[PDB]
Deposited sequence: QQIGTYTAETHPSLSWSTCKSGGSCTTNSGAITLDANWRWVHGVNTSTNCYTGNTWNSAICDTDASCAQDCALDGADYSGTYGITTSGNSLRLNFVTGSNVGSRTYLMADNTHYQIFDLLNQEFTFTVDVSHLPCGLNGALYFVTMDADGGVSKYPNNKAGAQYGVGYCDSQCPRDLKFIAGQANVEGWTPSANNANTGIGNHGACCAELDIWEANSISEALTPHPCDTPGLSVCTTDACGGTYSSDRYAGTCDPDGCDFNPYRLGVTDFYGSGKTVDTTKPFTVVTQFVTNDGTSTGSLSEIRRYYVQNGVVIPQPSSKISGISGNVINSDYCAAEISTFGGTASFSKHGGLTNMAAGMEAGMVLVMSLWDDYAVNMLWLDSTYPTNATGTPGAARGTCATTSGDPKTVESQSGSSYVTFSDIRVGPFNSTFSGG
């Protein structure tokens, strides 16, 4: 994708902190993912993409399309409901016909910030108070290229500056641009989302979902892949949520997840609970390595919370067969043994391959979305919906009829998530 000229691209400002075993406030900024943008011909206002289909006059091939179509600048607040205030980022849900957003932290105007998380602690504050059933305010990391692909893929000029280069563990085929090619060939409009479709290519890479949550439930989920960085997959071999068989590909779509409610701890997180989601709170996450160095492999993910200045531990599992309050080799083996299903976490290298994702360096993503595929039931309801009574089926209190996108967009359009005070450093430094 090319760089358009009609609207200047100005990344809203967002500060964040680096901490030492003493913190330094870094100047940062955020960009909007390329899928939300206007895509038009080079030096013309003609759309390359309108509604849920491509303009075959310009985009007669995957390559020509990327050479000949440009992404343009965004009105962050006015069109997408994205604002920043100091160290705080607010993502609105419905803004006209726009639904949510996906944003990336920048190191400069043309590069995503890269985080090296092994043997570090990462902290943020969140307000989920305005996130009802069926929404997901996510803060997580993916193994994207810092420059968004510009150095590797010649047709890609727009790069990180225009939010190009997304990949994740679901191998998304809904992306308009992947690896310097447009996703034109085989494009199939979704029958239910007027803006969206699925192309023949998907963009796979490692994903560390440190935070997927709403006011009801939260989960922490590493997802490894066969290779850490971008791998371009084709059609149904992609696996993930955009394919016939989620387990057909090279990334783990399920992950090794820790949701306190799923693990039997139903009084921990939610309205007026131990972590009271009517108010903001701080989430601290540690990435422990086998040898205690930045170059060891990932042994354990640890977690705690702070609210009203009070430290609140991650609660331990109440499910017979699954112990503790950390994610480690024993926990991941125990989860799949007890809850059952496809061993996709092991098959894609588990924590060793998660570490490879992390060692490559990862981009920070903040998003707010609803889910046409599963209505977010996997996060905050009983799932599968016919598995009531079985261990791990219940993930939160939402009804199994909840989370229908057009429903929640009509009823709860004013929903929003605010992320703030991002901090990273050595353990005990944030």
Discussion item. Could you spell out the stretches of the deposited sequence that were left without C-alpha coordinates, going in sequence order?
Written reply: 22-23, 433-436
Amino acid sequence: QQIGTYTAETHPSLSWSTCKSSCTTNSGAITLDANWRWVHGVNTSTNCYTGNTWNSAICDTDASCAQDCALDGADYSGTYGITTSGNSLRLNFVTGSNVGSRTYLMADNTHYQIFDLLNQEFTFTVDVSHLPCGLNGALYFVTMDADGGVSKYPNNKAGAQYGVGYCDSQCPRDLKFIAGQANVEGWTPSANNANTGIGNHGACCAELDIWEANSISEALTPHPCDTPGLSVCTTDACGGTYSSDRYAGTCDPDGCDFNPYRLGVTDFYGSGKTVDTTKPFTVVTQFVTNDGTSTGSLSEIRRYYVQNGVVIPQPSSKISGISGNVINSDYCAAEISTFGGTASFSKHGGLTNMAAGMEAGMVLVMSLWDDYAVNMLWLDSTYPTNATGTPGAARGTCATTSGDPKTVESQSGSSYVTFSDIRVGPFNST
From here on, numbers count along this sequence of modelled residues.
Item to complete: Could you check which stretch, 237-245 or 251-259, carries the larger mean CA temperature factor in the entry?
Response: 237-245
Discussion item. Please compare 208-216 with 260-268 and name the stretch with the higher mean C-alpha B-factor in the deposited structure.
Written reply: 260-268
Worksheet item: If you compare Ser420, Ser415, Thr25, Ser13, which has the highest Cα B-factor in the entry?
Response: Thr25
Discussion item. Checking the record values for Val310, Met144, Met358, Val128, which has the greatest CA B factor?
Written reply: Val310
Response to the item:
On the chain's distribution of Cα B-factors, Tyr49 falls within the third called middle
Worksheet item: How does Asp33 rank on Cα B-factor within its chain, lowest, middle or highest third?
Response: lowest
Fill in: Position of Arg173 among the chain's modelled residues by C-alpha B-factor, lowest, middle or highest third
lowest
Worksheet item: Looking at the C-alpha B-factor of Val374, is it in the lowest, middle or highest third of its chain?
Response: highest
Practice prompt. Select lowest, middle or highest to describe the third in which the CA B-factor of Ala343 falls within its chain in this entry.
Written response: highest
